[PDB]
Number of protein chains: 2
Amino acid sequence: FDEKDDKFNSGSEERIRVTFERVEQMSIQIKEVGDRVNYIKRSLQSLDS
Amino acid sequence: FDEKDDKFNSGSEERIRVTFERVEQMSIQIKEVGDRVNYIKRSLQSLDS
């Protein structure tokens, strides 16, 4: 059962699948941070005086 | 027609394709945020006094 994860993990089709699920969630997080960077640049950096 | 998206989605060639389109627009967003982080570090953090 340990060696059974030579196929189900560490295959081409699973590593493509997990990065597809990692990048999909990841792009959402950058879009949130990229809107949060634009929020900090708008609110805080204009109000530095 | 639901099971028809076992092939067109969830194939190796489509999951590679979408991450290719996700990472391409993703790197643009990091380049924008990475220039926006350098902009906040330049303008705001030097003007903290």
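As documented in the archive entry, the model was determined using cryo-EM at 3.28 Å resolution.

Participant: Hey, could you go over the overall build of chain A for me, with residue numbers and the actual values?
Facilitator: Per the secondary structure count, chain A includes one helix and zero strands. If you line up chain A on its principal axes, its C-alpha atoms span 65 × 15 × 10 Å.

Participant: So what about the side chain of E14 of chain A? Which residues, and what values?
Facilitator: By the secondary structure assignment, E14 of chain A is in helix α1 (residues 12-46). There is a polar contact of 2.3 Å between the side chain of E14 of chain A and the side chain of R17 of chain A.

Participant: Break down the pattern of salt bridges for me, citing the residues and quoting the values.
Facilitator: All names here are of chain A. In this structure, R17 and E14 form a salt bridge, with 2.3 Å as the shortest nitrogen-oxygen distance. Here the residue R17 and the residue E14 both occupy positions in helix α1, the gap between them amounting to three residues, near one helical turn. In the salt-bridge network here, residues are joined through shared partners; they are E14, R17 and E21.

Participant: Give me the packing of α1 of chain A against helix α1 (residues 12-46) of chain B: which residues, what numbers.
Facilitator: α1 of chain B packs onto α1 of chain A with a crossing angle of 25° between their chain directions and a minimal axis gap of 9 Å. With respect to α1 of chain B, the axis of α1 of chain A lies roughly parallel. Along this stretch, α1 of chain A crosses α1 of chain B, giving a crossing that reads as left-handed. Class assignment for the residues of the contact of α1 of chain A with α1 of chain B results in 13 nonpolar, seven polar and nine charged.

Participant: Tell me about the relation of the copies chain A and chain B, and please be specific about residues and values.
Facilitator: Applying a rotation about an axis and a shift along it to one chain copy brings it onto the other copy. The two copies are related by a screw operation: chain A maps onto chain B through 90° of rotation and 0.0 Å of translation along the axis, at an RMSD of 0.0 Å. Seen this way, the second copy is the image of the first under a four-fold rotation axis. For chain A, the minimum C-alpha distance to the rotation axis belongs to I16 of chain A and amounts to 4.9 Å.

What counts as what
- Residues numbered from 1 in each chain as written, not as in the entry; some residues may be left out.
- Chains lettered and ligands numbered in written order.
- Part of a larger assembly, values for the part shown.
- Heavy atoms only, no water.
- Residues with missing side-chain atoms left out of burial classes, pairs and counts.
- Helix = DSSP H or I, 4+ residues; strand = E, 2+ residues; numbered from the N terminus.
- Polar contact = N/O pair within 3.5 Å; in protein donor to acceptor, adjacent residues only side chain to side chain.
- Salt bridge = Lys/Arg side-chain N within 4 Å of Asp/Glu carboxyl O.
- Axes fitted to C-alpha atoms, helices over the stretch in contact; angles between N-to-C directions.
- Parallel < 35°, antiparallel > 145°, perpendicular 65-115°, else oblique.
- Left-handed = near helix turned anticlockwise from the far one by under 90°.
- Nonpolar A, V, L, I, M, F, W, Y, C, P; charged D, E, K, R; others polar.
- Least-squares fit on C-alpha atoms.

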